[PDB]
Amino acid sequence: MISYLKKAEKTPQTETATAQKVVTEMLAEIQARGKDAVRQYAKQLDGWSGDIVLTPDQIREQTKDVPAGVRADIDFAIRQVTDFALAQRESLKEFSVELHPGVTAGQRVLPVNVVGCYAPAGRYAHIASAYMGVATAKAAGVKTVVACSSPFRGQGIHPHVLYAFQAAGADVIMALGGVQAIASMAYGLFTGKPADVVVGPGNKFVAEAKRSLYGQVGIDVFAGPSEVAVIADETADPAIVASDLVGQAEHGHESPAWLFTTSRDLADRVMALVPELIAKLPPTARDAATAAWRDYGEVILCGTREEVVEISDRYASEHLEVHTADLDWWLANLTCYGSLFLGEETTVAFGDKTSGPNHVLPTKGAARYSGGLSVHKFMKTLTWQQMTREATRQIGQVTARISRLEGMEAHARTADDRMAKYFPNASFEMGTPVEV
């Protein structure tokens, strides 16, 4: 038996209907009206009536005052993300194999042509998100990267976001936010370069827009309001656990922070500390985190490690920290999470900004079926095959027979035609011809 010491009124699912209604209306307008609707939304939602595509010269002008120390930090983080991305790239190989004798089959691994990357800017300016998308796309060998971020605080793109996009290798940069940005990248509005894949994190509207546009484009994953889970035993430090939960709760009113523990004492101290830490935050963060903890935060006490694994796997958190003994066991036994942080020393914020692994990660249970943005999301794994004539003796008769069982005579005739051309003297059973 599992005890909820803190139960949330709301979950990542609560706001689904609200997001869907807005996105349905906006995507309909943009499909009908194109750039006209996008310019309208940019003005009405973001107060923006400037040009949307930045020229190379505006990019230089807008970043000319970014200090050396800020550039050095962003450059370091880009290098870490690139290093890990290149290691991930090496993990997926091309190959060919012989199947039935004379049947050669293989796998080609090819980057997509055009990627659109979104970096959010609303409550905060997402400098790290800006290099997470673009640097990964460049590591994957994508030749055209289009990047968008929302106009921020009465100006255009945040200068540090813009520096990140430029340093990471973006080919085209647009001052454009939200659903209208996602849609513009999917349809190639303003650039004439429709994306093959659109990636990047955002609020519930951004995430729903990407989900809805799937099919028009590929995507990385459903990457909506941030979530954090911590697994802790009696070895954990409640002050650090509480700090880590509050860390992601500041993202917004809808960010869940989950604690799964085998220690009642830990649970109690964390529940006492989280409100105290929230109260010491500055206004924007305090507003977000107070609501998020109240409405979405949960604390679950479990009897055994196996019970913790079961609940953790069901929650399928974007981020999972593990502050326990015997970390090898947790790495071996946990199966549903976006990104795993083993031990107290690393933490979600480190992964968010500069550890290396991508931060763009599944939310709302998408970790049941996908990991996060990676080079893998920009590669197509395509198959090819080639046969000797000899291989077609077996392959062809099996194809003709199965085809005819299914009722597909024209399929069987492509096998009959090869058998008659290559082996006119053979007499295999090719199945009773279909008559209806």
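When you see a residue number, it is the position in the sequence shown, counting from 1.
Omission of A366 is seen in a third or more of the other entries compared for this protein where the adjacent residues are built. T14 is a gap in at least a third of the other entries compared, counting only those with both neighbours built.
The deposited model assigns a higher average Cα B-factor to 236-244 than to the other stretch when 347-355 and 236-244 are compared. When the mean C-alpha temperature factors of 60-68 and 379-387 are read from the deposited coordinates, 60-68 comes out higher. Across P275, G133, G106, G202, the entry's maximum B-factor at the CA atom is seen for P275.
Within the listed group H411, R393, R39, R401, the record reports its top CA B-factor for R39. When the modelled residues of the chain are ordered by C-alpha B-factor, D287 sits in the highest third. Per the PDB record, residue ranking by Cα B-factor puts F341 in the lowest third of the chain. When the modelled residues of the chain are ordered by their C-alpha B factor, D326 lands in the highest third. Compared with the other modelled residues of the chain, the Cα B-factor recorded for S374 ranks in the lowest third. In this PDB entry, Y187 carries a Cα temperature factor that places it within the highest third of its chain's modelled residues.
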